[PDB]
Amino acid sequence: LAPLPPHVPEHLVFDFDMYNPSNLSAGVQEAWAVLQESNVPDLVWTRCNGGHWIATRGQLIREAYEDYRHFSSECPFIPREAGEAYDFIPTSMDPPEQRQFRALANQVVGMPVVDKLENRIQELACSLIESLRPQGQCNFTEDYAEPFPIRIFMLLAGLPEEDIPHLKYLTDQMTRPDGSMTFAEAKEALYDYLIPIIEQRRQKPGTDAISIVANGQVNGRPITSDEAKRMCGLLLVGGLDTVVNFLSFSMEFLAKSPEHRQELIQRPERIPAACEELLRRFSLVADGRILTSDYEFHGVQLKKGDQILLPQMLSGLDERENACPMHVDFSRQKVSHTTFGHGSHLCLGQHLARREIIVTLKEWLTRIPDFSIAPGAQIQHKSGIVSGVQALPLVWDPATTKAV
């Protein structure tokens, strides 16, 4: 626990640890939701992880993402040393400067590429599921959650699949560090990987995402090698540590809820709406901002340089935003969340992510309609900048499945 700063009143202290929350065994979203109990103020100070503010309600989270003059993306991660080393583009930049880089990132991960990759996304989902179908069991995180999104990103990026173990290790040290590497060390190893590839693709431009970023233009002028690396690094993290985790939270839920499986089996056209409700209930990201100057926000004095965690996960879990927020309702009329961000840094890979999710739900339920958590298993979650699932053993009777 770090020393309570003079300007922070004792009454706003709530020592929540975002990398190892106290109620983790009840589920990671349940763990973070203890910040929304009756007794907790809208804005708390935790002495964990060097000390920082935590906005616990959607209203505050949304408001702070909107106000980039007061809440800057220059230092967006806790701990402070990770935020300071963080220099990915466009996420480490505030408008106006940030905006020219979004258009180039959109070219490689936006709807354009989702349409280039439509056939391969569909084919890989169906192939991986058909291969598992006759087995009557799988380790979902290793057998589908990782390979499906990761192989698609490595295809898009023109990178060999043999590089996956190394890159997935490094990306995971930036979001759920095990202690072996600091953020700065993981980030520099990621750049060390990309440096030579970017120079080669600048000399001999190809069709892959690294070539397109490395030879791209930003508001009509050529991107620099340095800028290309800082954008590429960010795409590698997005590709290897977002959807990968979300798919396991969703499959864990479906394995525990036969009535929700039945609803999507009976009415497959509800899968897009089901995806959005699952994106709210199993929201999983939490980054934040740094105060650019002293500022009074919602009755609380904030000081220049103070870090504030604005958990994207928390907005849709707020009861003031959604009634009975821990219940999954595929017919929920107004599904409000900030799972993909809020403000000018809204996720650019959200269309790729929703396609991957929707394809997985549809193709899994077509072939393996009935499945459950392996008998006796207790599913364990992990927390960080992006939360996840440690392992997800599933079982089913092959006699209830069908080959397409």
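Sequential numbering from 1, following the sequence displayed.
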query: Stretch with the greater mean C-alpha B-factor as recorded in the entry, comparing 153-161 against 176-184; finding: 176-184
query: Greater mean Cα temperature factor according to the PDB record, 353-361 or 42-50; finding: 42-50
query: Of the residues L235, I197, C324, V243, the one carrying the largest Cα B-factor as recorded; finding: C324
query: Among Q262, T141, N119, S293 - the residue whose C-alpha B-factor is largest in the record; finding: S293
query: Within-chain third of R201 by Cα B-factor, per the entry; finding: middle
query: For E227, the third of its chain into which the C-alpha B factor falls; finding: middle
query: Third of the chain's Cα B-factor distribution that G27 belongs to, per the entry; finding: middle
query: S331 - Cα temperature factor, lowest/middle/highest third of chain; finding: highest
query: Chain third (lowest, middle, highest) by recorded CA B-factor, residue given as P393; finding: lowest
